[PDB]
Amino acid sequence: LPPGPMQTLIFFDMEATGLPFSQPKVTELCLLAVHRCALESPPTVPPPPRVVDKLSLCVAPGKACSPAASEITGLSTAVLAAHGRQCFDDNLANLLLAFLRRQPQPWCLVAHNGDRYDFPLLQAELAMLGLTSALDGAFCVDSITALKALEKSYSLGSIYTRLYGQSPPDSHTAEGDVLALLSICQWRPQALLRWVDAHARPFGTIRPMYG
């Protein structure tokens, strides 16, 4: 029954129409799959590993983004429609599973403040498609829980500024935040990995944000 060491860490981030109290919809997602050997056996800001699998997608949310969401993320439902983006459908979930199936198991999703935002919204989106157990293979970790354990604001920018004395590029974009998260997790890569291996939680224990 216990999984043993996580073989892949899938660094994850999403943008939405708003915050959880508004019942948000995904507008953007980024998945960055990194094998555990890139963290246990790595070769001021560490370079990302040469071998990674990346997936960044924009999603039509079916409703307006709050004006706050648009200012911070640079996305709006109207601009997403101008770009011919499709909604969060069966093909999108099939795409996500196909990408994850290319990674050796056990898989662990890693998201900054993932337990309150990215993980329940991903669960809510899948549940709305009648696929409530689609990603139940996966494990998940909140990198805030992880980085507090390894050591005040625990925001992505604050943690980044304290370790590498600079602001990260392309902030508040799903891909930019995933790349910033990776660099933060590469600060003490063996320590971060041991914690993940011991505290990875089954994705099925994540309740959907709504519905």
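For every residue, the number given is its place in the sequence shown, counted from 1.
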*As recorded in the PDB entry, how many deposited residues are without coordinates between residue 43 and residue 44: none, 1 to 3, 4 to 9, or 10 or more?*
4 to 9
*Do any residues of the deposited sequence lie unmodelled between residue 170 and residue 171, and which range holds their number: none, 1 to 3, 4 to 9, or 10 or more?*
none
*Higher-B stretch (mean Cα B-factor, as the entry records it), 159-167 or 181-189*: 159-167
*Of 201-209 and 4-12, which one has the bigger average CA B-factor?*
201-209
*Highest Cα B-factor in the PDB entry belongs to which of 74, 84, 120, 137?*
137
*Between 70, 56, 153, 27, let me know which has the highest C-alpha B-factor in the entry?*
153
*Where the record places residue 103 (Cα B-factor, split into thirds across the chain)*: lowest
*Would the CA B-factor of residue 50 place it in the lowest, middle or highest third of its chain?*
middle
*Taking the values exactly as deposited, rank residue 36 by C-alpha B-factor within its chain and report the matching third: lowest, middle or highest.*
middle
*Sorting the chain's modelled residues by C-alpha B-factor, tell me whether residue 65 ends up in the lowest, middle or highest third.*
lowest
